[PDB]
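To be precise, the following lines are start11.cif, and they hold mmCIF, C-alpha atoms.
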```
data_structure
#
loop_
_atom_site.label_atom_id
_atom_site.label_comp_id
_atom_site.auth_asym_id
_atom_site.auth_seq_id
_atom_site.Cartn_x
_atom_site.Cartn_y
_atom_site.Cartn_z
CA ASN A 1 0.00 0.00 0.00
CA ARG A 2 2.48 2.62 -1.21
CA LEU A 3 1.79 6.29 -0.46
CA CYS A 4 2.65 9.50 -2.31
CA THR A 5 3.00 12.56 -0.08
CA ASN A 6 5.53 14.83 1.63
CA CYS A 7 5.72 16.01 5.24
CA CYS A 8 6.21 19.63 4.17
CA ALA A 9 3.23 19.62 1.81
CA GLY A 10 1.34 17.14 3.97
CA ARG A 11 -1.62 17.81 6.24
CA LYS A 12 -1.54 19.74 9.52
CA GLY A 13 -2.10 17.32 12.38
CA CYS A 14 -0.28 14.28 11.02
CA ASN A 15 3.13 12.58 10.82
CA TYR A 16 5.31 11.27 8.01
CA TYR A 17 8.26 8.88 8.28
CA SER A 18 10.79 7.61 5.73
CA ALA A 19 10.83 4.07 4.34
CA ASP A 20 13.81 2.76 6.30
CA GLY A 21 11.98 3.95 9.40
CA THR A 22 13.41 7.44 9.81
CA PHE A 23 10.73 9.88 10.97
CA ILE A 24 10.66 13.02 8.82
CA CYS A 25 8.50 15.49 10.73
CA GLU A 26 5.02 16.22 12.09
CA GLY A 27 2.65 19.13 12.66
CA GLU A 28 3.26 20.97 9.40
CA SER A 29 1.42 23.80 7.64
CA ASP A 30 -2.20 23.31 6.57
CA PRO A 31 -3.27 22.16 3.08
CA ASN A 32 -5.36 25.29 2.54
CA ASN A 33 -2.31 27.55 2.42
CA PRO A 34 0.92 25.71 3.33
CA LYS A 35 4.18 27.63 3.70
CA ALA A 36 7.09 27.38 1.26
CA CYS A 37 6.99 23.70 0.33
CA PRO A 38 7.79 21.45 -2.66
CA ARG A 39 5.22 20.16 -5.15
CA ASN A 40 6.85 16.98 -6.45
CA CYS A 41 6.09 13.62 -4.84
CA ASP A 42 8.03 12.36 -1.82
CA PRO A 43 8.55 8.60 -2.33
CA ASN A 44 10.89 8.68 0.67
CA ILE A 45 7.90 8.60 3.01
CA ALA A 46 6.33 5.16 3.45
CA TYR A 47 3.04 6.35 4.94
CA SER A 48 1.42 8.95 7.20
CA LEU A 49 0.37 8.41 10.82
CA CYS A 50 -2.56 10.50 12.01
#
```

Since I need it in another form, could you write the structure as structure tokens?
Amino acid sequence: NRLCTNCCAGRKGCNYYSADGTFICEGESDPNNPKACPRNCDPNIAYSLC
């Protein structure tokens, strides 16, 4: 069950970790108007944990 999403451009109130098991970050900007963040897909993140 692969997942395509980045912590930066994720959803406020969630968490995203890498594939190897290295947590990226949590509690990021909201989807409505997120701060300076990338647009491409982040395959590094296995899945989100909300």

Applied to the shown file, which residues does the PyMOL selection byres ((chain A and resi 28) around 7) return, written as a ChimeraX atom specification?
/A:7-8,10-12,26-27,29-30

Selection result of the PyMOL selection byres ((chain A and resi 37) around 7) on this file, as a PyMOL selection string
chain A and resi 8-9+35-36+38-39

Do a neighbour search on residue 18 (chain A) at 6 Å with only C-alpha atoms, toss out local chain neighbours closer than 4 positions, and write the hits as an MDAnalysis selection string.
chainID A and resid 22:23 44:46

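Across A:40, A:3, A:50, A:34, the tightest approach to residue 19 (chain A) is made by A:3 when counting all atoms listed in the file.
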
May I ask for the distance between CA of residue 5 (chain A) and CA of residue 48 (chain A), given in Å to one decimal place?
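Those two atoms sit 8.3 Å apart.
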
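The spacing separating CA of residue 20 (chain A) from CA of residue 41 (chain A) amounts to 17.4 Å.
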
Box for region 26-32 of chain A: with edges along x, y and z, all listed atoms inside and 6 Å added on each side, what are the centre and edge lengths in Å to one decimal, as JSON?
```
{"center_x": -0.2, "center_y": 20.8, "center_z": 7.6, "size_x": 22.4, "size_y": 21.1, "size_z": 22.1}
```

Residues within 9 Å of residue 2 (chain A), only C-alpha atoms, excluding chain neighbours under 2 positions, as a PyMOL selection string:
chain A and resi 4+43+46-47

For residue 49 (chain A), find every residue with an atom within 7 Å (counting only C-alpha atoms), except residues of its own chain fewer than 2 positions away, and show them as a ChimeraX atom specification.
/A:14-16,47
